[PDB]
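Summary of structural features
Spelled out from the first residue to the last, the chains are:
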Amino acid sequence: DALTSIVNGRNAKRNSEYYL
Amino acid sequence: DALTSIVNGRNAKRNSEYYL
Amino acid sequence: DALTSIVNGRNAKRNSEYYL
Amino acid sequence: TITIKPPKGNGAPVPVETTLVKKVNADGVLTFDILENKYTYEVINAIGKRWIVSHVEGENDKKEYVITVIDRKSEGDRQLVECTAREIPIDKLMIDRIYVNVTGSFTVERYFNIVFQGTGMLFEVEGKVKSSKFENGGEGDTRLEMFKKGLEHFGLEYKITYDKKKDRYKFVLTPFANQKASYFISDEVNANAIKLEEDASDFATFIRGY
Amino acid sequence: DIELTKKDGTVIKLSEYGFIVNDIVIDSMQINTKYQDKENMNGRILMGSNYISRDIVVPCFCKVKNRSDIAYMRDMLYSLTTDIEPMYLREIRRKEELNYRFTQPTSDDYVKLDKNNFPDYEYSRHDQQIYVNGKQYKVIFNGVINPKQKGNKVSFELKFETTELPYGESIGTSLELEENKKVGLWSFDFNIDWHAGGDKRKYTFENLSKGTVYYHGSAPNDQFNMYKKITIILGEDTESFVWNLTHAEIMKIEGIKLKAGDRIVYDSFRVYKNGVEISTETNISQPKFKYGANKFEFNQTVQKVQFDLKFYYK
Amino acid sequence: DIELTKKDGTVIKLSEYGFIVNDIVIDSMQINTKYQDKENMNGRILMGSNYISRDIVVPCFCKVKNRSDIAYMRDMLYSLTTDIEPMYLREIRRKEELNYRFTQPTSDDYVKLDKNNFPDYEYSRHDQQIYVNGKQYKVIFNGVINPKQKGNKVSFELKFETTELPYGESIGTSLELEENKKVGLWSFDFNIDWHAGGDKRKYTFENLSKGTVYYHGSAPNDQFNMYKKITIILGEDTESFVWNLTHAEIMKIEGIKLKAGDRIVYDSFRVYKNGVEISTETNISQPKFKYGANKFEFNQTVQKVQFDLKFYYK
Amino acid sequence: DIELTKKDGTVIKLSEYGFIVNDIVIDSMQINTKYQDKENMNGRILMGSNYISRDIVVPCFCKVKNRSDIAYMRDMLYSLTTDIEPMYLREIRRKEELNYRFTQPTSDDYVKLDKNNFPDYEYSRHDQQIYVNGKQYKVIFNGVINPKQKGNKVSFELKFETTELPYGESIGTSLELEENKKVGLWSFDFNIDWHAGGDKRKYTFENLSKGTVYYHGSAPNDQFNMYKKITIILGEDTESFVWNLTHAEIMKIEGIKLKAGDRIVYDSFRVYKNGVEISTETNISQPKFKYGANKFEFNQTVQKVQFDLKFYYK
Amino acid sequence: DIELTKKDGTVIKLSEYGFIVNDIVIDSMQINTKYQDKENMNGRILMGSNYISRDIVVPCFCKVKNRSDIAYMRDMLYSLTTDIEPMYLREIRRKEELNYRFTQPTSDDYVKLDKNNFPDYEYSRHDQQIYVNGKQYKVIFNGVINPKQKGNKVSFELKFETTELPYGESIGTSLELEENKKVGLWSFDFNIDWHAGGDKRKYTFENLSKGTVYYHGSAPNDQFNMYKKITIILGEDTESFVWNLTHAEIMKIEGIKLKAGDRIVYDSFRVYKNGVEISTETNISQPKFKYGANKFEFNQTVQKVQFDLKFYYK
Amino acid sequence: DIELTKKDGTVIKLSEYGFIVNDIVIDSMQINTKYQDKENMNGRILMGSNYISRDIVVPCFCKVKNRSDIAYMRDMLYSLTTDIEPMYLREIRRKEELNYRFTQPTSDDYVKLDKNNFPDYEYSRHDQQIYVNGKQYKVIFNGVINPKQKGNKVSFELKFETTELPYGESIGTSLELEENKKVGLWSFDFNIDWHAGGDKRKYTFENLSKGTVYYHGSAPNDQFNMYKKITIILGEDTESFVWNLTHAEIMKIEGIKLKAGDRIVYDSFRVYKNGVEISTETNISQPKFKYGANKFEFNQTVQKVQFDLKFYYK
């Protein structure tokens, strides 16, 4: 319950600069 | 190994009532 | 921060042989 | 324990903990983690993918699978090999494609016979089943996913079996594949944790159709 | 009280190196259980239970003639013992708490002193210590501290630990039991009859469909890591070859054709058809000797069977 | 004070093997609770509560005639006790703290000495120890260390643990209670009437719609792992077959047609329709004997019921 | 009992600074194991086992003439010792527990007193302490507290710890062994023959296909961080250059053409083809000296080999 | 034994407030290491090692005339000490364990008593305590409990802790060393020559390309948080301006044009081109004074350099 | 030594209820720090530091006339003290360790005994205990055990804990300081001048642009939970209204038009424009009284300011 947020947050971080 | 399931389960929960 | 990688790695494992 | 052989010839056993998974129609898959040892050395340093694994469940269940993923980690002065594997009655389907675009009306036996051309495996339907028409063939597609589409149209489920014979795999196509089982369950005796989930977010009472 | 160590390439004993020991204490094997608790049932299922590790402890101290030398001696200890290299430990005891014997104070029959400043109670040849048992242990070291009590006396607390299998590997095969060539390596802990060539000593049979074996080891030799090794001259040609065994599983060799005079080396989970080019696809099943009578039953009267193995203890 | 062990294939007792024991202490059963705390309510819900494990402890020491022999003796202990093999432990006590009796110092009526150097206070046959109770325990070993106090005396601290179910399994069935054939195995801990053939001894009834049962065991036999086993000659033909029971649930057998003379073996969560080819689809419900009166009620006057079971204790 | 410290740019010793020490105790090396337990097998695989850290402990106290000065002295200690800067510790011992010697109470031959108020038992030059061994330790400090017992006496408990490699780095190369120029730095802990120029001292050979080396260090010099450094005048032109070695791996240099008079500096995991411009693509393999005989085998009779290294101990 | 505290806006000392102290003990600095263990190599790499915190401990008790007053006194202590506000602690010692002196029992020369009921051994001016050293500590408080032993005596256990940097910040700059104006704040812990205006006191040079500096602080002033502050009248016009330094890095100022009479204030990691409007883009590198000789080398003979800094200790 | 408790709806004191107490010990406030360690820098940043909780401990015992009554008494204690209901604790001390006074053994002037069998040393009115200080504590209970020493004596160990804010809330407002109506509730722990109506007692000013305030509380009243409450008759009409304050932030009220005779009740983080219908959108900033001089500066000469608050202590 506590855990989903950290992974999704890092995921949204990774959405910055993933694409040429 | 044990961990992927809990996050994916909460994710599928969140798939209920996310959309107008 | 450390955690996103393990779940995503197991996810990519699961992407092998999920489909008929 | 687990007899693995190259795609040409002789076998070699290894002991290793296995994790198998089987669904009704979906692809089965297994996974396991060999480690370097005084034993197993000749194998582990000499596995290439599409090594052919078999003799799971001992001197029975000779369901021959094939490896496709190969991890190799370094632990201490030794090394691990995590790995994955898939059925030959499914991979052997993922081998071959069909380029002639199937199109038009199609009876079930014709369809599931043109797709078993050169594979050697066998199919059969149990009950009478209707026929429909397939709009575009998968010229650039596997035999497997056309098998998927065929099951979606005509044979809503299936079940494979290694018949007694060598290099044969009977596909009993059937709607709602089932066999009776003498065993059973209960919370007290065999069911530790019963998660009953009743999902209804896309559900229906009446419905229209055109 | 010497704590012998046979390493890969040498033999060492501490008291040779000025290293007395206080004692040796050998724990039993840590039984790791695998239980599963049913949710609402007053009882939990045994999934498994299994031996793991036999942690040894040995406190050893040392005296020297001068305070400086302590350092050297200590370093020797480390360089002599702390070896990740799996070693073979052998325990030693004494047969008696020896005292100084009567003498005569007439400017004669004076007392002796060891290289270390101690009184030599070991007057005769038959005084010094003995390999108390004909077994060893595959062993590795764990961390030590060295408190220096006064003078030149310093203590150490070695904490050894089993390496591969938590068992008392018996030194010497079962064929040295057969051929009474090697001497030593057979202690009375093993209840062994003197009738060499008689039953319960022999592991070399001829021209038999079925025969009898006495595995003197209390612990069972089911684990492959143990040096269970069989070799059989098959006696009679055949296309298939089954042999059964009690306290173990059935074994087949089907699908490969053999000949009579051809021999099989049946190593643990492994089959040399003719000594090389292992043909081990047929019924991967390994045999298991538990204790005492382990009766085997072949099917076509092999002209020879003989098998060496190692006895393991718990 | 002997700590009997019945293993799968043998019987052992320590004091036969030169192994005195100081005592035996048996913990109760570790109650694992399952509570749930409501968020803002001064009280927490009981989801469940459940017995788990009955950890036994037994410290045993041993004396020998010489220091070397210690090693042998110790190894024997390990080889004799440390068994993952689920064993059946039986406790033993004495009836009295025995002393040496009066004698005469007239170069006669001298005292005896055991195989171990101790004074035999057990002069008469009726001196030695007894199986204090007619029950056992399914037991496995956990790690031991062996401190050697002086001389030939060395202590050990066995830590045993329950295997499957944390209960005092009563040895012998309830039919040996019925037929007074086997002797022993019935201690006064079980409040058992002498009126063999009378009520509260009988588990073999005939031609009855309803009857009475006295389960002498304090602990309840609801768990299937216990050897509760019923067998009934149904007496009268029928298409369905219900039987009810108190301190338990209702049981049906519907959907299968039976006959009168046909017999049902009703094992725990399992139904042999005629001894084989189990037809166990019908109302999977297992019966539960709690303690004392367990009244059953059939529906068509079975010509025979009889059922053996095992008494379990807490 | 002085605890010498060579820092990057200076040399210090405590007892010079009014800092007596009670003792020095040097732990062994913390063996970190890497085991893996198979799921249902009574034994666990060794993935690895590895030395980590050699934690030193040194309690030192100090006396001064007045209570204030304590503060200064303490600060000096910290400023003198607590250095993240990797230092080289050298241990010191005494050769004897020295006493005051006989004198004469005739208003003459009175006793001396040190700068600190203590009795100078060190009458002669040959009384004071010694570098007990020709080795050092790469060391860093960990936290200390300073309990002040009465008066001007205060204690401290230094807890040092190894920096890079848990080993007893021997000071001085192996060429100082070759050329007997530097004096000191060679203790009898190293079993070194006096035959300078003889075998087992020489690491400077000429015109040989194969030769012999005695690595006096008990610990093995496989780790690159150690100062193993070879340099060879190749003797004969070639296109490829292989050299083998025992207690180590094979080494090749293929794909680059060389010449005879050209020299190779073979540093740890590194190859200067001609002293600069490292050509280290060819068969990255580093050599390993274990102990005693380390026989090498070249292939074309190098006109010179010589190699300095450092001896490491456990 | 007073534990002076200089807070932002005031000065306090405990014994002024009726608060005797038993002692002060100052831990060293907690070295946090940063090691990395290579997987199969007997040695672990040092990524880093770093000072963290200098935890002080001070147990102080207090006596009062009546039991009630305890409360007040305790509250005063808390209100006086427990301050998250980073304070500057200064330690105090005595020079002697003072006793009562000889007197005369002739109804005269009676003894004195402090405000607290104790005997005033401090007869003369030169009896009371002293700032034992010319340094301070940036400090914060951690939790205390107050056990009340009997009567009016109650103890407390203060646990102070360093705030920013685990070092013994020296009070007063290096210019107060230059100009001998402020008195105090210079203890002999710092080995300082008396030759004011001589070398190793001066941090004010003129007309030099290169010069010499003696940083008396054992700990290195590389950290910017320390008050290292330079100011230079550049002497000669230029377009670029480099200056080098030992025990530190090179520094450039390129890309901005300067003039001779213009002055640079070179603060830690910061550059005022002319006192304001910081032009700090050019070669962000901060200088580092380690200890003793810190030789600098300019490039065009600055007409003035002078720099104040603070000495830090470990 | 009575441990007064004012609950929401009542007042209680233990010694009234036969409950003597041994003592009261009040911990300081648990400072929770919030540090952040930079990766490779010898020093860690202070993100914050903050008081949390002031855990009180009070061991109290009780004697009764008979063993049964213990139970009743104990229950009373629980029912009297263990209250999640946030209570207000007040500490009590004695002014003297009272003894029995001189009497006369002439069949007269006999001694008294309390309701409990103890000797009444409290002969006069001025003997019994006192509210040692004019403050309280918002407090809740934590778990107790009740060891029964012999007889009718049983001990208890109350562990109280602060509820909202770890501070010594002063009872009574600052207006009771202004109007000397209520008596009590003003202890000398607060350094309060007698000059009622003079400076540093008055919180009721008139016709001033700027004025002075002495907050006698050592702890700062920045937290809103404290009862800081201001009310001002604004004196002069305006459209905007700023007032500044030291040891706090600036405050504005812009965007709403006011009038002179209209009054503002300025509660903590809250603004009643005219006593109701809070208009608190304008510059949400709360004022903070630290200690001593807290000078305020209005901007248009309010005709009245007055503000009550509560003093808090650490």
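Within chain D, the secondary structure is distributed over four helices and 15 strands. Within chain D, the proportion of its 210 residues that are buried is 39%. Sequence separation of 24 or more characterises 54% of the internal contacts of chain D that already satisfy a separation of 6 or more. Roughly 12,900 Å² of accessible area belongs to chain D as shown, and the carbon and sulfur atoms make up 52% of that amount. Taking the 31 positively charged and 33 negatively charged side chains of chain D as two groups, their mean positions are separated by 7 Å.

Scanning chain E from terminus to terminus reveals two helices and 18 strands. For 314 residues, the compact-globule estimate of 2.2 N^0.38 gives 20 Å, and the C-alpha radius of gyration of chain E, at 25 Å, exceeds that figure by more than 25%. Projected onto its principal axes, the C-alpha positions of chain E cover 85 × 60 × 40 Å. In chain E, 71% of the contacts between residues at least 6 apart in sequence involve partners at least 24 apart.

Next up on the list: the relation of the copies chain F and chain E. Each copy of the sequence occupies a distinct position, and chain F is placed on chain E by a rotation of 61° and an axial shift of 0.4 Å, giving an RMSD of 0.0 Å. Here the transformation between the copies is reduced to the relation of a six-fold axis. Using C-alpha coordinates, one finds that chain F approaches the rotation axis most closely at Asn32 of chain F, a distance of 20 Å. An overlap of only 5% is found between the interface residues of chain F and their copies at the interface of chain E, pointing to separate contact surfaces.

All right, on to the nonpolar core then. Within the largest apolar cluster, 128 residues are counted, with the highest numbers of intra-cluster contacts made by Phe241 and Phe307 of chain E together with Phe241 and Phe307 of chain G. Tallying contributions element by element places helix 1 (residues 69-81) of chain F first for this core, with seven residues. In contact with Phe241 of chain G, not counting residues within four places along its chain, are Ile232, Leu234, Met251, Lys252, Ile253, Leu258, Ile264, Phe298, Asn299 and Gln300 of chain G. Among the nonpolar cores identified, the runner-up in size contains 127 residues, and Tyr137 of chain G, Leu77 and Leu258 of chain H together with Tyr215 of chain I belong to it.

With that out of the way, let us pick up helix 1 (residues 69-81) of chain H. All names here are of chain H. A rise of 1.5 Å per residue sets the reference length of helix 1, with its 13 residues, at 18 Å; its end C-alpha atoms lie 18 Å apart and thus fit the reference within 8%. With ten of 13 residues buried, helix 1 is to be regarded as a mostly interior element. Among the residues making up helix 1, those that are buried are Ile70, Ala71, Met73, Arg74, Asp75, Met76, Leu77, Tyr78, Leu80 and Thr81.

Across all of its chains, the model carries 66 salt bridges over all chains by this definition. Here the salt bridges do not stand alone but share partners, grouping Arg54, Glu91 and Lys135 of chain E together with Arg74 and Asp75 of chain F into one network.

Attention now moves to the interface of chain C and chain B. On the side of chain B, four residues touch chain C, which itself brings five residues to the contact. Of the roughly 450 Å² buried where chain C meets chain B, counting both sides, 67% is carbon and sulfur surface. Between chain C and chain B we count zero salt bridges in total. Across the contact surface, chain C and chain B share zero residue pairs in polar contact. Grouping the constituent residues of the side of chain C that touches chain B by class yields three nonpolar, no polar and two charged.

If you walk through the whole model with that rule in mind, you get 109 aromatic pairs over all chains. Ring geometry for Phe224 of chain G and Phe269 of chain G: centres 5.0 Å apart, planes at 75°, overall edge-to-face. Within this pair, whereas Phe224 of chain G is found in the loop between strand 10 (214-215) and strand 11 (229-233), its partner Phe269 of chain G is found in the loop between strand 14 (263-267) and strand 15 (270-272), the two being separated by 45 residues in sequence. Members of the aromatic cluster, each reached through a chain of ring pairs, are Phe106, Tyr111, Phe112, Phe116, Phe123, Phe134, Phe147, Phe154, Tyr158 and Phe171 of chain D. Its end group placed over the ring of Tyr110 of chain I, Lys112 of chain I keeps NZ or CZ at 4.1 Å from the ring centre.

Attention now goes to the relation of the copies chain C and chain B. When chain C is fitted to chain B, the best match, at an RMSD of 0.0 Å, comes from turning it 121° and sliding it 0.0 Å along the axis. Taken together, the rotation angle and the small translation identify this as a three-fold axis. Taking C-alpha positions as reference, the residue of chain C nearest the rotation axis is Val7 of chain C, located at 4.8 Å.

Across the boundary between the two partners, chain F contributes 38 residues, which contact 34 residues of chain E. Buried area between chain F and chain E, summed over both chains or domains, comes out near 3,100 Å², and the portion from carbon and sulfur atoms is 50%. On inspection of chain F and its partner chain E, the count reaches six salt bridges. Salt-bridge contacts for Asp75 of chain F lead to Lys135 of chain E; the nearest nitrogen and oxygen are separated by 2.8 Å. Counting the contacts that link chain F with chain E gives 20 residue pairs in polar contact. Looking at the side of chain F that touches chain E, the elements with two or more residues in it are strand 4 (44-62), helix 1, strand 6 (137-142) and strand 7 (154-162) of chain F. Examining the composition of the side of chain F that touches chain E, we find that seven residues originate from one element, helix 1 of chain F, more than from any other. Residues of the side of chain F that touches chain E, tallied by class, amount to 17 nonpolar, twelve polar and nine charged.

We now examine the arrangement of the chains. In this assembly, 13 pairs of chains are in contact, and the pair contributing the most contacts is chains E and F. Spatially, chain F is disjoint from chain I: no contact exists, and the shortest C-alpha separation is 11 Å.

Let's shift gears to the packing of helix 2 (residues 88-95) of chain D against helix 4 (residues 143-153) of chain D. Axis angle and axis distance: for two packed helices, these are the angle between their axes and the distance between the axes, and together they describe the pair. Residues and elements named next belong to chain D. With their axes 6 Å apart at the nearest point, helix 2 and helix 4 run at an angle of 110° to one another. It follows from the interaxial angle that helix 2 and helix 4 lie roughly perpendicular. The residues of helix 4 that touch helix 2, namely those facing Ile90, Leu93 and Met94, are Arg143, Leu144 and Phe147. The residue makeup of the contact of helix 2 with helix 4, split by class, is five nonpolar, no polar and one charged.

To continue, consider unusual backbone geometry. In this structure, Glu17 of chain B is a non-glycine residue whose phi angle is positive, near 60°. Even without being a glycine, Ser107 of chain E presents a positive backbone phi close to 55°.

Moving on to the sheet that holds strand 15 (residues 270-272) of chain I. Residues and elements named next belong to chain I. Spatially, five strands are ordered 8-18-11-14-15 in an open sheet, and the strand pairing comes out antiparallel. Both outer strands of the open sheet, strand 8 (204-205) and strand 15, are each paired with one neighbouring strand and no more. Sheet topology places strand 14 (residues 263-267) next to strand 15; three bridges connect them, and they run antiparallel. The residue bridging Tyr266 from the neighbouring strand is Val271, located in strand 15.

Time to look at the environment of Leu89 of chain E. Residues and elements named next belong to chain E. Inspection of the secondary structure puts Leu89 in strand 5 (residues 87-90). Since its relative accessible area comes to 6%, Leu89 is described here as buried. On a C-alpha basis, the gap between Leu89 and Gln136 in space is 5.3 Å, while along the polypeptide they are 47 residues apart.

This next bit is on the sheet that holds strand 8 (residues 204-205) of chain F. Residue and element names in this part refer to chain F. Pairing is antiparallel in the open sheet, where five strands are placed in the order 8-18-11-14-15. Edge positions in the sheet fall to strand 8 and strand 15 (270-272), since each has one partner strand and no second. Here strand 8 runs beside strand 18 (residues 304-308); their pairing, made up of two bridges, is antiparallel. Residue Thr204 lies in a different strand from strand 18, and its bridge partner there is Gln306.

Conventions used here
- Residues numbered from 1 in each chain as written, not as in the entry; some residues may be left out.
- Chains lettered and ligands numbered in written order.
- Part of a larger assembly, values for the part shown.
- Heavy atoms only, no water.
- Residues with missing side-chain atoms left out of burial classes, pairs and counts.
- Helix = DSSP H or I, 4+ residues; strand = E, 2+ residues; numbered from the N terminus.
- Buried < 20%, exposed > 50% of the residue type's maximum accessible area, 1.4 Å probe, protein only.
- Contact = heavy atoms within 4.5 Å.
- Areas by Shrake-Rupley, 256 points an atom, 1.4 Å probe, with all protein chains shown as cover.
- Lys, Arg positive; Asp, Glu negative; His and termini not counted.
- Charge placed at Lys NZ, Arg CZ, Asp CG, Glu CD.
- Rg over C-alpha atoms; globule rule 2.2 N^0.38 Å.
- Least-squares fit on C-alpha atoms.
- Core = buried A, V, L, I, M, F, W, Y, C linked by side-chain atoms within 4.5 Å.
- Expected span 1.5 Å × (residues − 1).
- Salt bridge = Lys/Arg side-chain N within 4 Å of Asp/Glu carboxyl O.
- Buried area = accessible area lost by both parts, 1.4 Å probe.
- Polar contact = N/O pair within 3.5 Å; in protein donor to acceptor, adjacent residues only side chain to side chain.
- Nonpolar A, V, L, I, M, F, W, Y, C, P; charged D, E, K, R; others polar.
- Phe/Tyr/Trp six-rings, centres within 6.5 Å; stacked < 30°, edge-to-face > 60°.
- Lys NZ or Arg CZ within 6 Å of the ring centre and 35° of its normal.
- Axes fitted to C-alpha atoms, helices over the stretch in contact; angles between N-to-C directions.
- Parallel < 35°, antiparallel > 145°, perpendicular 65-115°, else oblique.
- Pairing = 2+ DSSP bridges.

Nothing here speaks to function; it is geometry throughout.
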